[PDB]
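Visitor: Take this structure, written in structure tokens, and hold onto it; I'll ask about it next.
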Amino acid sequence: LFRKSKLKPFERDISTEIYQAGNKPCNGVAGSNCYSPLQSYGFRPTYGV
Amino acid sequence: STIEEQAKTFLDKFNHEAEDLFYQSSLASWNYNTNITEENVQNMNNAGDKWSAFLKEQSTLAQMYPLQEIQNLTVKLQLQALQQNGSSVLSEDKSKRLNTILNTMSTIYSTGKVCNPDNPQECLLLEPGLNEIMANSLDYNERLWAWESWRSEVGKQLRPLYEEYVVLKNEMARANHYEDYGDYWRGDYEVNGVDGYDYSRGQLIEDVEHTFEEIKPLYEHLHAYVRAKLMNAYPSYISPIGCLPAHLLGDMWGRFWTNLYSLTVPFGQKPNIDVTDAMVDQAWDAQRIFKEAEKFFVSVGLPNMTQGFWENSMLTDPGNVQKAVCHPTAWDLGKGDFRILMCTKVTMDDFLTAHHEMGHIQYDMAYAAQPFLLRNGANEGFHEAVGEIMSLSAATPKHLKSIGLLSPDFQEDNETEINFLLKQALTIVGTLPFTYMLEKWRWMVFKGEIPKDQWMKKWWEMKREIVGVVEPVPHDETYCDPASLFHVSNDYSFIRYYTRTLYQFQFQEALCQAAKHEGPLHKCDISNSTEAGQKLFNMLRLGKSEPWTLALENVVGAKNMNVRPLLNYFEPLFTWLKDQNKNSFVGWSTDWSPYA
Ligand SMILES: *[C@@H]1O[C@H](CO)[C@@H](O[C@@H]2O[C@H](CO)[C@@H](O[C@@H]3O[C@H](CO[C@H]4O[C@H](CO)[C@@H](O)[C@H](O)[C@@H]4O)[C@@H](O)[C@H](O[C@H]4O[C@H](CO)[C@@H](O)[C@H](O)[C@@H]4O)[C@@H]3O)[C@H](O)[C@H]2NC(C)=O)[C@H](O)[C@H]1NC(C)=O
Ligand SMILES: *[C@@H]1O[C@H](CO)[C@@H](O[C@@H]2O[C@H](CO)[C@@H](O[C@@H]3O[C@H](CO)[C@@H](O)[C@H](O)[C@@H]3O)[C@H](O)[C@H]2NC(C)=O)[C@H](O)[C@H]1NC(C)=O
Ligand SMILES: *[C@@H]1O[C@H](CO)[C@@H](O[C@@H]2O[C@H](CO)[C@@H](O)[C@H](O)[C@H]2NC(C)=O)[C@H](O)[C@H]1NC(C)=O
Ligand SMILES: *[C@@H]1O[C@H](CO)[C@@H](O)[C@H](O)[C@H]1NC(C)=O
Ligand SMILES: *[C@@H]1O[C@H](CO)[C@@H](O)[C@H](O)[C@H]1NC(C)=O
Ligand SMILES: *[C@@H]1O[C@H](CO)[C@@H](O)[C@H](O)[C@H]1NC(C)=O
């Protein structure tokens with residue numbers, strides 16, 4: 001969901017670090033302006049097309 | 001970086017999480033409404049608790065972004081909604097006390113019951129028996145006693161609660177930057193930050209009163225005609241110049257006058273437009289009615305329904321052990337899931353109701369592309385207005401002829417149109433003075449101009465003044481008559497119905513004019529024209545992004561509500577009523593009192 005920059009063609013990235021958005025350092029913890037970059041989908045049989 | 005960029009990232013995280021949590025809560029509500037069981041009650045509570053709790057921390061964390069550093073005019077709206085929709089300023093004891101008062105008010109209204117005089121033998125409830133008696137019974141004593149009995153046993157108990165209730169709501173409002181709870185409710189229509197389209201909270205009071213000044217001549221002529229017909233029913237009780245008794249309006253509170261159509265029929269000899277027998281002869285079922293309703297939507301260019309709606313929505317009463325609430329509803333669970341819940345019978349009313357509920361579904365999908373916090377109508381009135389204009393064109397004789405329910409041999413003349421017009425007037429025109437007064441009275445008490453000891457003296461003074469209805473039995477300050485209403489006892493804003501009525505007629509004239517229609521407005525069909533659908537769809541897809549003043553100008557070319565389209569629709573009825581009021585005095589007298 002969040003990344004510092006874009007991706008070159010035919011590339012992968014598995015790095016999982018706190019995406020810092022604020023000025024102060026995240027220091028490896030979440031919270032204010034410190035969000036985890038990976039977000040999970042949600043799949044249920046009743047979802048629309 | 002900057003405030004805008006930092007705020008933008010926060011909304012992205014909130015947008016994805018909110019949709020998942022909202023979906024689970026809505027499904028729990030749907031589950032209980034169809035399968036009434038104790039565990040599903042718990043599922044509603046467990047789902048509701050998490051959704052309510054989630055909106056708390058998000059709003060609290062959203063307070064670290066000041067609103068003066070954002071100039072996009074779209075991030076500001078999303079941030080503003082969170083900071084007011086779940087944020088709490090009252091203390092813990094006051095929060096618990098306020099919730100207890102509201103819970104008590106809702107429970108006592110449902111559990112409130114009155115029953116036969118001087119007899120503790122058998123007792124009944126409001127919906128089963130009281131409504132039927134007020135709707136059909138013609139006994140003066142039975143109607144008068146039931147009107148007095150319910151108010152005494154409901155208002156008096158709720159009177160002390162209301163006095164405590166107004167205290168906390170003002171304290172919460174005064175804790176916020178709004179002047180009072182009355183100003184808190186009026187803030188929905190406020191539009192700020194856009195030049196040439198700004199709207200102020202105080203301007204609403206001026207416009208509402210201004211519109212009611214132009215509708216006064218129409219209402220009094222209807223009141224004069226209705227009073228004259230009531231003379232033929234109850235000769236002795238009613239005076240030719242006084243106000244009508246409050247217990248003879250066909251319902252419990254006089255909100256609607258539809259129950260008086262049989263008594264006040266203009267021409268009872270003429271046949272009525274009824275297709276209930278025709279539908280039975282053609283063997284129409286629940287699926288056929290909804291397919292017919294869907295077809296009408298396609299002919300104007302709007303997309304029709306998906307497979308998820310047909311498979312999931314229930315359109316018939318399950319019966320047996322499975323008991324469900326049969327009140328029609330338009331459910332929007334989000335994430336591409338749309339369902340409709342209603343118990344359907346083979347009647348014209350359900351045929352018209354099918355169009356009415358489908359209109360809300362179409363509006364929901366139009367703004368599906370908007371962010372989570374902008375998936376709503378521009379104000380509290382637009383959503384209701386959209387679902388009503390489609391029923392206006394679904395009842396036209398032309399539409400029935402095209403479908404085939406109405407025989408082509410049917411003819412139209414003087415009396416078919418006049419009878420149809422009077423049926424609509426008794427429902428729409430009658431409630432408007434009642435609607436404007438009730439919202440007004442709640443404004444002064446929240447403002448504090450009317451002291452508690454003079455709530456009832458001021459209440460009945462305006463009843464004889466504006467509505468022109470006098471109470472049949474005097475009431476002291478012990479009663480709480482306004483609390484006897486559902487909306488007042490449940491803390492719901494009531495001005496939305498006044499603005500909705502004006503909006504629907506502005507929309508219909510714009511669509512009929514766009515469809516190049518000619519003739520009387522009340523005979524208008526928009527089925528075939530694809531230009532009307534395209535223009536309407538432009539406003540629907542906007543959502544909450546644009547101010548409602550700008551949205552209205554894109555449809556009717558005006559920045560404010562107007563009453564002229566409403567008068568033109570009822571213009572043919574207006575002239576005839578003047579003819580029938582030649583020998584009848586126009587205007588009620590506030591001096592008369594039925595109880596000597
Ligand atoms: C901020 O927080 C508030 C809650 O505090 C949220 O506000 C709610 O918003 C919803 C969405 O509009 C409101 O729901 C509406 O309630 C009306 C009240 O009806 C009551 O009575 C009927 C019986 O007459 C019951 O069936 C019903 O369940 C209610 O108990 C409904 O009448 C409305 O339905 C209308 O639209 C449908 C189409 O969808 C039509 O079919 C109906 O006929 C009707 O015209 C509607 O469901 C709710 O009332 C609001 N709460 C309060 C307290 O006002 C906000 O959503 C939230 N802000 C966010 C999340 O951004
Ligand atoms: C206020 O903020 C919103 C949200 O960031 C801005 O909306 C953004 O508008 C731009 C273009 O106006 C969109 O870029 C487009 O992206 C699509 C792919 O989604 C691409 O195909 C287009 O070619 C174009 O690049 C952007 O997506 C959109 N953001 C969102 C979340 O929808 C808006 O422009 C801002 N207001 C002002 C006045 O700048
Ligand atoms: C919109 O067009 C449709 C089809 O072009 C019309 O449907 C016909 O209506 C006539 C009545 O004038 C019937 O005799 C036909 O049997 C209908 N045919 C079909 C296939 O539906 C429809 O009537 C038009 N809309 C309006 C309001 O007249
Ligand atoms: C309703 O709830 C009961 C009890 O949880 C469950 O057994 C049943 O499958 C549910 N659905 C229907 C349609 O009864
Ligand atoms: C409307 O729905 C029907 C299915 O009943 C489908 O055949 C048709 O293509 C739909 N119309 C549009 C415009 O998608
Ligand atoms: C009835 O319609 C005819 C049209 O020929 C008109 O002359 C007459 O004035 C109408 N009467 C009423 C009461 O509307």
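Ordering of the structure tokens sets the chain letters (A, B, ...); residue numbers start at 1 within each chain; ligands are numbered from 1 in the order shown.
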Show me which residues line ligand 4, defined as having an atom within 8 Å of a ligand atom where only C-alpha atoms and all ligand atoms count, and present them as a ChimeraX atom specification.
Guide: /B:34-37,39-40,321-322
Visitor: Create the file for the chosen residues now, containing N, CA, C and O atoms and written as an mmCIF file, in the first residue's frame.
Guide:
```
data_model
loop_
_atom_site.group_PDB
_atom_site.id
_atom_site.type_symbol
_atom_site.label_atom_id
_atom_site.label_comp_id
_atom_site.auth_asym_id
_atom_site.auth_seq_id
_atom_site.Cartn_x
_atom_site.Cartn_y
_atom_site.Cartn_z
ATOM 1 N N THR B 34 -33.837 -10.366 9.239
ATOM 2 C CA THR B 34 -34.457 -11.490 8.555
ATOM 3 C C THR B 34 -34.620 -12.717 9.440
ATOM 4 O O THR B 34 -35.544 -13.504 9.211
ATOM 5 N N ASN B 35 -33.750 -12.900 10.447
ATOM 6 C CA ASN B 35 -33.778 -14.082 11.300
ATOM 7 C C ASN B 35 -33.757 -13.582 12.748
ATOM 8 O O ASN B 35 -32.710 -13.443 13.377
ATOM 9 N N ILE B 36 -34.943 -13.300 13.287
ATOM 10 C CA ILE B 36 -35.054 -12.681 14.604
ATOM 11 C C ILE B 36 -34.779 -13.727 15.673
ATOM 12 O O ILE B 36 -35.654 -14.526 16.023
ATOM 13 N N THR B 37 -33.556 -13.723 16.199
ATOM 14 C CA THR B 37 -33.127 -14.671 17.214
ATOM 15 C C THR B 37 -32.162 -13.975 18.163
ATOM 16 O O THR B 37 -31.524 -12.982 17.804
ATOM 17 N N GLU B 39 -29.237 -14.832 19.450
ATOM 18 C CA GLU B 39 -27.824 -14.802 19.084
ATOM 19 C C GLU B 39 -27.557 -13.745 18.018
ATOM 20 O O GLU B 39 -26.519 -13.073 18.047
ATOM 21 N N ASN B 40 -28.483 -13.580 17.068
ATOM 22 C CA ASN B 40 -28.327 -12.537 16.062
ATOM 23 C C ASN B 40 -28.437 -11.151 16.681
ATOM 24 O O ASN B 40 -27.841 -10.196 16.169
ATOM 25 N N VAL B 321 -41.890 -20.312 11.313
ATOM 26 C CA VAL B 321 -41.055 -19.897 12.435
ATOM 27 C C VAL B 321 -40.268 -18.638 12.090
ATOM 28 O O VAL B 321 -39.981 -17.817 12.970
ATOM 29 N N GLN B 322 -39.919 -18.454 10.820
ATOM 30 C CA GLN B 322 -39.103 -17.315 10.415
ATOM 31 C C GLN B 322 -39.950 -16.049 10.416
ATOM 32 O O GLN B 322 -40.864 -15.901 9.599
#
```
Visitor: In region 91-270 of chain B, what's alpha helix (DSSP H) per DSSP? Answer as a PyMOL selection string?
Guide: chain B and resi 92-111+131-136+140-175+181-186+203-233
Visitor: Distance table requested - chain B against chain A, cut-off 7 Å, only C-alpha atoms: one row per qualifying residue with the closest atom pair and its distance in Å to one decimal, ordered by chain and rising residue number, as a tab-separated table.
Guide:
```
residue	atom	partner	partner_atom	distance
B:1	CA	A:23	CA	7.0
B:6	CA	A:21	CA	6.4
B:308	CA	A:48	CA	6.5
B:335	CA	A:48	CA	6.4
B:336	CA	A:48	CA	4.3
B:337	CA	A:48	CA	5.3
```
Visitor: Would you export the selected residues with N, CA, C and O atoms as an mmCIF file, in the first residue's frame, please?
Guide:
```
data_model
loop_
_atom_site.group_PDB
_atom_site.id
_atom_site.type_symbol
_atom_site.label_atom_id
_atom_site.label_comp_id
_atom_site.auth_asym_id
_atom_site.auth_seq_id
_atom_site.Cartn_x
_atom_site.Cartn_y
_atom_site.Cartn_z
ATOM 1 N N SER B 1 6.739 15.861 5.404
ATOM 2 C CA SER B 1 6.555 16.822 4.323
ATOM 3 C C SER B 1 5.614 17.945 4.744
ATOM 4 O O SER B 1 5.945 18.748 5.615
ATOM 5 N N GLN B 6 0.662 14.460 4.648
ATOM 6 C CA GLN B 6 0.537 13.618 5.833
ATOM 7 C C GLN B 6 -0.915 13.233 6.085
ATOM 8 O O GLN B 6 -1.206 12.097 6.476
ATOM 9 N N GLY B 308 -26.178 -10.279 -7.757
ATOM 10 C CA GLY B 308 -26.128 -10.370 -6.307
ATOM 11 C C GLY B 308 -27.422 -9.938 -5.647
ATOM 12 O O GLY B 308 -27.848 -10.525 -4.649
ATOM 13 N N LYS B 335 -19.360 -2.441 -0.735
ATOM 14 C CA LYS B 335 -18.517 -3.418 -1.427
ATOM 15 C C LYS B 335 -19.293 -4.155 -2.517
ATOM 16 O O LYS B 335 -19.127 -5.360 -2.717
ATOM 17 N N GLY B 336 -20.152 -3.426 -3.225
ATOM 18 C CA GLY B 336 -20.888 -4.004 -4.330
ATOM 19 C C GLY B 336 -22.043 -4.898 -3.948
ATOM 20 O O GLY B 336 -22.533 -5.650 -4.795
ATOM 21 N N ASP B 337 -22.497 -4.844 -2.700
ATOM 22 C CA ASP B 337 -23.613 -5.656 -2.231
ATOM 23 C C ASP B 337 -24.805 -4.748 -1.959
ATOM 24 O O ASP B 337 -24.737 -3.876 -1.086
#
```
Visitor: As a ChimeraX atom specification, please: the residues near residue 149 (chain B) (cut-off 9 Å, only C-alpha atoms, same-chain neighbours under 6 positions excluded).
Guide: /B:114-115,117
Visitor: Could you please extract the residues within 12 Å of ligand 3, counting only C-alpha atoms and all ligand atoms, and hand them back as a PyMOL selection string?
Guide: chain B and resi 292+295-300+393-408+515+517+523-530
Visitor: Go ahead and save the picked residues with N, CA and C atoms, as a tab-separated table (two decimals), in the first residue's frame.
Guide:
```
chain	number	residue	atom	x	y	z
B	292	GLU	N	-40.84	-5.70	-13.72
B	292	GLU	CA	-41.48	-4.55	-14.35
B	292	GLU	C	-40.90	-3.24	-13.82
B	295	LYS	N	-37.53	-2.73	-15.41
B	295	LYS	CA	-37.62	-2.36	-16.82
B	295	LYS	C	-37.81	-0.85	-16.98
B	296	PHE	N	-38.63	-0.25	-16.11
B	296	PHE	CA	-38.85	1.19	-16.18
B	296	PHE	C	-37.54	1.96	-15.99
B	297	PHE	N	-36.64	1.43	-15.16
B	297	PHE	CA	-35.37	2.10	-14.93
B	297	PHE	C	-34.46	2.01	-16.16
B	298	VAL	N	-34.51	0.90	-16.88
B	298	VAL	CA	-33.63	0.72	-18.04
B	298	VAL	C	-34.03	1.68	-19.15
B	299	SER	N	-35.33	1.93	-19.32
B	299	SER	CA	-35.80	2.73	-20.44
B	299	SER	C	-35.30	4.17	-20.39
B	300	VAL	N	-34.88	4.66	-19.22
B	300	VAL	CA	-34.32	6.01	-19.14
B	300	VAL	C	-32.81	6.03	-19.28
B	393	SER	N	-44.19	9.44	-11.42
B	393	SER	CA	-44.40	9.02	-12.79
B	393	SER	C	-44.87	7.58	-12.91
B	394	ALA	N	-44.77	6.79	-11.84
B	394	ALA	CA	-45.22	5.40	-11.88
B	394	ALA	C	-46.73	5.26	-11.69
B	395	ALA	N	-47.41	6.30	-11.21
B	395	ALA	CA	-48.84	6.26	-10.99
B	395	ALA	C	-49.64	6.91	-12.12
B	396	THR	N	-48.97	7.42	-13.15
B	396	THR	CA	-49.67	8.08	-14.23
B	396	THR	C	-50.49	7.07	-15.03
B	397	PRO	N	-51.66	7.46	-15.53
B	397	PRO	CA	-52.45	6.54	-16.36
B	397	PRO	C	-51.72	6.10	-17.62
B	398	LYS	N	-50.86	6.96	-18.17
B	398	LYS	CA	-50.12	6.60	-19.38
B	398	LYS	C	-49.19	5.41	-19.12
B	399	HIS	N	-48.50	5.41	-17.98
B	399	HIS	CA	-47.60	4.31	-17.66
B	399	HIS	C	-48.37	3.00	-17.49
B	400	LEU	N	-49.53	3.06	-16.82
B	400	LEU	CA	-50.33	1.86	-16.63
B	400	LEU	C	-50.85	1.32	-17.95
B	401	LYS	N	-51.25	2.21	-18.86
B	401	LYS	CA	-51.70	1.78	-20.18
B	401	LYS	C	-50.58	1.09	-20.95
B	402	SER	N	-49.37	1.65	-20.89
B	402	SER	CA	-48.24	1.05	-21.60
B	402	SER	C	-47.92	-0.33	-21.06
B	403	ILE	N	-47.96	-0.50	-19.74
B	403	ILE	CA	-47.70	-1.81	-19.16
B	403	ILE	C	-48.81	-2.79	-19.51
B	404	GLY	N	-50.05	-2.32	-19.53
B	404	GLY	CA	-51.19	-3.15	-19.87
B	404	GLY	C	-52.15	-3.41	-18.73
B	405	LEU	N	-51.80	-3.02	-17.51
B	405	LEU	CA	-52.72	-3.19	-16.38
B	405	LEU	C	-53.98	-2.37	-16.58
B	406	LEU	N	-53.84	-1.13	-17.03
B	406	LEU	CA	-54.99	-0.28	-17.30
B	406	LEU	C	-55.53	-0.55	-18.70
B	407	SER	N	-56.85	-0.67	-18.79
B	407	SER	CA	-57.48	-0.93	-20.08
B	407	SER	C	-57.30	0.28	-21.00
B	408	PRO	N	-56.98	0.06	-22.28
B	408	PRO	CA	-56.86	1.19	-23.21
B	408	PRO	C	-58.16	1.96	-23.39
B	515	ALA	N	-37.51	16.26	-21.07
B	515	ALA	CA	-38.11	15.24	-21.92
B	515	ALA	C	-39.09	15.82	-22.94
B	517	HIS	N	-41.90	17.43	-22.60
B	517	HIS	CA	-43.29	17.13	-22.29
B	517	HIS	C	-44.15	18.38	-22.42
B	523	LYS	N	-49.72	14.89	-15.56
B	523	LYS	CA	-49.70	13.80	-16.53
B	523	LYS	C	-48.37	13.88	-17.27
B	524	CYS	N	-47.34	13.28	-16.67
B	524	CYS	CA	-46.01	13.31	-17.25
B	524	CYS	C	-45.38	11.93	-17.13
B	525	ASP	N	-44.81	11.44	-18.22
B	525	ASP	CA	-44.11	10.17	-18.24
B	525	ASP	C	-42.72	10.38	-18.82
B	526	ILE	N	-41.71	9.87	-18.13
B	526	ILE	CA	-40.32	10.02	-18.53
B	526	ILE	C	-39.71	8.68	-18.91
B	527	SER	N	-40.54	7.69	-19.21
B	527	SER	CA	-40.04	6.35	-19.47
B	527	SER	C	-39.14	6.33	-20.71
B	528	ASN	N	-39.60	6.94	-21.80
B	528	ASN	CA	-38.98	6.67	-23.09
B	528	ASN	C	-37.72	7.51	-23.28
B	529	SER	N	-37.74	8.74	-22.76
B	529	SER	CA	-36.68	9.71	-23.01
B	529	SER	C	-35.40	9.28	-22.32
B	530	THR	N	-34.30	9.26	-23.07
B	530	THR	CA	-32.99	8.98	-22.51
B	530	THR	C	-32.22	10.24	-22.12
```
Visitor: I need the residues in region 128-282 of chain B that are strand (DSSP E or B) according to DSSP; give them as a ChimeraX atom specification.
Guide: /B:191,199,242,244-245
Visitor: If you count only C-alpha atoms and all ligand atoms, which residues end up within 8 Å of ligand 1, as a PyMOL selection string?
Guide: chain B and resi 81-82+84-86+327-332+356-357+360-361+373-374+376+380+383-384+387+491-493
Visitor: As a list in words, please: every protein or nucleic acid residue near ligand 2 (cut-off 9 Å, counting only C-alpha atoms and all ligand atoms).
Guide: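 Written in the requested form, the residues are residues 4, 5, 8, 12, 71, 72, 73, 74, 75, 370 and 371 of chain B.
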Visitor: Counting only C-alpha atoms and all ligand atoms, what are the residues of chain B within 8 Å of ligand 5, and for each of them which pair of atoms is the nearest and at what distance in Å, to one decimal? Sort the table by chain and rising number, as CSV.
Guide:
```
residue,atom,partner,partner_atom_place_in_ligand_line,distance
B:295,CA,ligand 5,1 (C),7.8
B:298,CA,ligand 5,13 (C),6.5
B:301,CA,ligand 5,13 (C),7.2
B:302,CA,ligand 5,13 (C),7.2
B:303,CA,ligand 5,13 (C),5.1
B:304,CA,ligand 5,1 (C),4.8
B:305,CA,ligand 5,2 (O),6.5
B:306,CA,ligand 5,2 (O),7.6
```
Visitor: Can you pull out every residue with an atom within 10 Å of ligand 6? Use only C-alpha atoms and all ligand atoms and format it as a list in words.
Guide: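 Taking only C-alpha atoms and all ligand atoms into account, the residues around ligand 6 at most 10 Å away are residues 413, 414, 415, 417, 418, 572, 573, 575, 576, 577, 579 and 580 of chain B.
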Visitor: So which residues touch residue 345 (chain B) within 12 Å, counting only C-alpha atoms, skipping near sequence neighbours fewer than 5 positions away, as a PyMOL selection string?
Guide: chain B and resi 276+279-280+284-287+289-290+315-317+326+350-354
Visitor: Just the selected residues (N, CA and C atoms), exported as an mmCIF file, in the first residue's frame, please.
Guide:
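part.cif, written as the output of this step:
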```
data_model
loop_
_atom_site.group_PDB
_atom_site.id
_atom_site.type_symbol
_atom_site.label_atom_id
_atom_site.label_comp_id
_atom_site.auth_asym_id
_atom_site.auth_seq_id
_atom_site.Cartn_x
_atom_site.Cartn_y
_atom_site.Cartn_z
ATOM 1 N N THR B 276 -55.661 -3.421 -8.886
ATOM 2 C CA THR B 276 -55.485 -4.599 -8.043
ATOM 3 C C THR B 276 -56.167 -5.818 -8.652
ATOM 4 N N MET B 279 -54.160 -6.894 -11.857
ATOM 5 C CA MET B 279 -52.953 -7.654 -11.549
ATOM 6 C C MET B 279 -53.290 -9.088 -11.163
ATOM 7 N N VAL B 280 -54.371 -9.277 -10.403
ATOM 8 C CA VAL B 280 -54.792 -10.623 -10.024
ATOM 9 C C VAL B 280 -55.209 -11.418 -11.255
ATOM 10 N N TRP B 284 -49.961 -11.711 -11.496
ATOM 11 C CA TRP B 284 -48.680 -11.097 -11.182
ATOM 12 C C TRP B 284 -48.189 -11.580 -9.823
ATOM 13 N N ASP B 285 -46.904 -11.907 -9.750
ATOM 14 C CA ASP B 285 -46.267 -12.336 -8.514
ATOM 15 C C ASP B 285 -45.174 -11.343 -8.134
ATOM 16 N N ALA B 286 -44.435 -11.678 -7.073
ATOM 17 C CA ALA B 286 -43.422 -10.765 -6.555
ATOM 18 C C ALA B 286 -42.322 -10.508 -7.578
ATOM 19 N N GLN B 287 -41.865 -11.558 -8.263
ATOM 20 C CA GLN B 287 -40.777 -11.394 -9.222
ATOM 21 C C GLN B 287 -41.204 -10.547 -10.414
ATOM 22 N N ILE B 289 -43.457 -8.165 -10.614
ATOM 23 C CA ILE B 289 -43.581 -6.755 -10.256
ATOM 24 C C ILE B 289 -42.212 -6.086 -10.257
ATOM 25 N N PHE B 290 -41.221 -6.744 -9.654
ATOM 26 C CA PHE B 290 -39.893 -6.149 -9.560
ATOM 27 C C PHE B 290 -39.204 -6.112 -10.919
ATOM 28 N N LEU B 315 -38.157 -10.980 -1.190
ATOM 29 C CA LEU B 315 -39.256 -10.111 -1.585
ATOM 30 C C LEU B 315 -40.610 -10.662 -1.162
ATOM 31 N N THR B 316 -40.632 -11.728 -0.366
ATOM 32 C CA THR B 316 -41.865 -12.315 0.133
ATOM 33 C C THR B 316 -41.702 -12.630 1.612
ATOM 34 N N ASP B 317 -42.823 -12.687 2.316
ATOM 35 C CA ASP B 317 -42.800 -13.017 3.735
ATOM 36 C C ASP B 317 -42.463 -14.491 3.916
ATOM 37 N N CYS B 326 -41.366 -6.372 8.362
ATOM 38 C CA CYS B 326 -41.923 -6.275 7.021
ATOM 39 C C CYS B 326 -41.900 -4.854 6.473
ATOM 40 N N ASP B 350 -47.929 -1.841 -3.242
ATOM 41 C CA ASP B 350 -46.647 -2.528 -3.339
ATOM 42 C C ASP B 350 -46.014 -2.334 -4.710
ATOM 43 N N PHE B 351 -46.832 -2.238 -5.760
ATOM 44 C CA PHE B 351 -46.302 -1.922 -7.081
ATOM 45 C C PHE B 351 -45.665 -0.538 -7.097
ATOM 46 N N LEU B 352 -46.314 0.439 -6.459
ATOM 47 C CA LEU B 352 -45.729 1.773 -6.363
ATOM 48 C C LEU B 352 -44.559 1.793 -5.388
ATOM 49 N N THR B 353 -44.658 1.032 -4.295
ATOM 50 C CA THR B 353 -43.564 0.974 -3.331
ATOM 51 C C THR B 353 -42.318 0.344 -3.939
ATOM 52 N N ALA B 354 -42.492 -0.613 -4.855
ATOM 53 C CA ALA B 354 -41.343 -1.220 -5.517
ATOM 54 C C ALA B 354 -40.541 -0.181 -6.288
#
```
Visitor: Quick one: everything within 10 Å of region 226-231 of chain B, counting only C-alpha atoms, minus sequence neighbours fewer than 4 positions away in the same chain. Send it as an NGL selection string.
Guide: :B and (220-222 or 235-244 or 248-249 or 257 or 260-261 or 263-266 or 426 or 580-581 or 584-585 or 588)
Visitor: Could you tell me how far CA of residue 102 (chain B) sits from CA of residue 489 (chain B), in Å to one decimal place?
Guide: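 Atom-to-atom, CA of residue 489 (chain B) to CA of residue 102 (chain B), that is 8.2 Å.
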Visitor: Which of these, B:522, B:96, B:440, B:288, has the shortest distance to residue 466 (chain B) once you count only C-alpha atoms?
Guide: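 For residue 466 (chain B), the nearest of the given residues is B:440.
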Visitor: For each of B:80, B:434, B:217, B:495, take the minimum atom-to-atom distance to residue 62 (chain B), counting only C-alpha atoms, then give the residue where this is smallest.
Guide: B:80
